[PDB]
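Engineer: Have a look at this one.
Numbers and lists here come from the model and the stated rules, or from a named source; no laboratory read-out is quoted. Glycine also receives a Cβ, built like all others from the backbone with ideal geometry; neighbour counts cover every protein chain displayed.
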Amino acid sequence: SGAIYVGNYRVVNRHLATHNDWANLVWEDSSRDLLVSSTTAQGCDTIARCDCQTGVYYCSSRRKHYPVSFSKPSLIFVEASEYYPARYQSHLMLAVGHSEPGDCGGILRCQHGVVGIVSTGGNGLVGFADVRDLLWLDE
Ligand SMILES: CSc1ccccc1CC(=O)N1CCC[C@](F)(C(N)=O)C1
Ligand SMILES: [Zn+2]
């Protein structure tokens, strides 16, 4: 679990979105596993606008933050689930690090601010859904 709160927006993994998220829907993209909903309070997370390939993520299954090197956003195939058939997930970055189902939603940050949220993993790998291209989150 976990979300990004920026301005009047809440960004979450689409497979974990609530009834409230869907009732207050701004935008969603199944291929990115992202959903954005509107909020009543002002969010203060800063979104990074960069091409960093290093950062720190929060890993709930370890109650710890870990430093990581991560790949550039790309199409990476993925397997099924209560959520989505076999498929390519776009705007996805991979890193060598611990993740288990339950870690989805943990924030990845670089010196510039929020980069994305944990989405996918397994085998000593962890994936992050990038949010740095969603320029509209700021305005
Ligand atoms: C951190 S998730 C993880 C980690 C280790 C092992 C397994 C998982 C689970 C996982 O990869 N998925 C199930 C939930 C939806 C999913 F995140 C997606 N974006 O399609 C795929
Ligand atoms: Zn950065």
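Engineer: For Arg87, only one of the following conditions fails: (1) more than 16 Å from ligand 2 (Cβ to nearest atom); (2) touching a helix residue (DSSP H, G or I) at 6+ places or on another chain (Cβ under 8 Å); (3) under 19 Å from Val12 (Cβ atoms). What is its number?
Structural biologist: For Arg87, the exception is condition (3).
Engineer: Which residues, counting only those in the stretch 80-139, are in contact with a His (Cβ under 8 Å, 6 or more places away or on another chain) and among the aromatic types (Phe, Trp, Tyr)?
Structural biologist: Answer for the stretch 80-139, where residues must be in contact with a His (Cβ under 8 Å, 6 or more places away or on another chain) and among the aromatic types (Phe, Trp, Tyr): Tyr83, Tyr84.
Engineer: What are the pairs with Cβ atoms under 7 angstrom where one residue, in the stretch 17-37, is in contact (Cβ under 8 Å) with a residue 24 or more places away in the chain and the other, located anywhere, is part of a loop (DSSP other than H, G, I, E, B) and buried (at least 18 other Cβ atoms within 10 Å of the Cβ)? Sequence gap at least six, or different chains.
Structural biologist: Going by the 7 Å Cβ cut-off, the qualifying pairs are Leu35/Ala17.
Engineer: For residues that are surrounded by 16 or more Cβ atoms within 10 Å (Cβ to Cβ) and assigned to a strand (DSSP E or B), tally how many sit in the stretch 6-25.
Structural biologist: The qualifying residues number 7.
Engineer: Go over the candidates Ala48, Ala41, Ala129 one by one and state the one that is buried (at least 19 other Cβ atoms within 10 Å of the Cβ) and closer than 14 Å to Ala3 by Cβ. Spell out the reasoning first.
Structural biologist: Numbers: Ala48 fails: closer than 14 Å to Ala3 by Cβ; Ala41 fails: buried (at least 19 other Cβ atoms within 10 Å of the Cβ).
Just a single option satisfies the conditions, and that option is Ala129.
Engineer: Ok, one more. Pairs only if they're at least six apart or on different chains, beta carbon under 8 angstrom, first in the stretch 57-84 and charged (D, E, K, R), second in a loop (DSSP other than H, G, I, E, B); list them, first residue then second.
Structural biologist: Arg62/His98; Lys72/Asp51; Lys72/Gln53; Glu79/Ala86
Engineer: Just one of (1) near ligand 1 (Cβ under 10 Å from one of its atoms); (2) farther than 21 Å from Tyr5 by Cβ trips up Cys59, so point out which.
Structural biologist: All conditions pass for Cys59, except number (2).
For (1) touching a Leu at 6+ places or on another chain (Cβ under 6 Å); (2) assigned by CATH to the domain that holds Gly122; (3) basic (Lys, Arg), each residue gets a yes or a no:
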residue: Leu34; (1), (2), (3): no, no, no
residue: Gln53; (1), (2), (3): no, yes, no
residue: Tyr58; (1), (2), (3): no, yes, no
residue: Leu75; (1), (2), (3): no, yes, no
residue: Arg87; (1), (2), (3): no, yes, yes
residue: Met93; (1), (2), (3): no, yes, no
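Engineer: What pairs can you find where one residue is in the stretch 103-116 and over 11 Å from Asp45 (Cα atoms), the other is of a type in the set (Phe, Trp, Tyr) and within 16 Å of ligand 1 (Cβ to nearest atom), and their Cβ atoms are less than 6 Å apart, with a gap of 6+ or different chains?
Structural biologist: As it stands, the answer is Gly106/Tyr57; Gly106/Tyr58; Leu108/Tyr57; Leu108/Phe128; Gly116/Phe128, since those pairs meet every condition given.
Engineer: Determine which member of the set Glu100, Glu82 is in contact with a helix residue (DSSP H, G or I) (Cβ under 6 Å, 6 or more places away or on another chain), among the charged types (D, E, K, R) and within 12 Å of ligand 1 (Cβ to nearest atom).
Structural biologist: Numbers: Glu82 fails: in contact with a helix residue (DSSP H, G or I) (Cβ under 6 Å, 6 or more places away or on another chain).
Residue meeting the stated conditions: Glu100.
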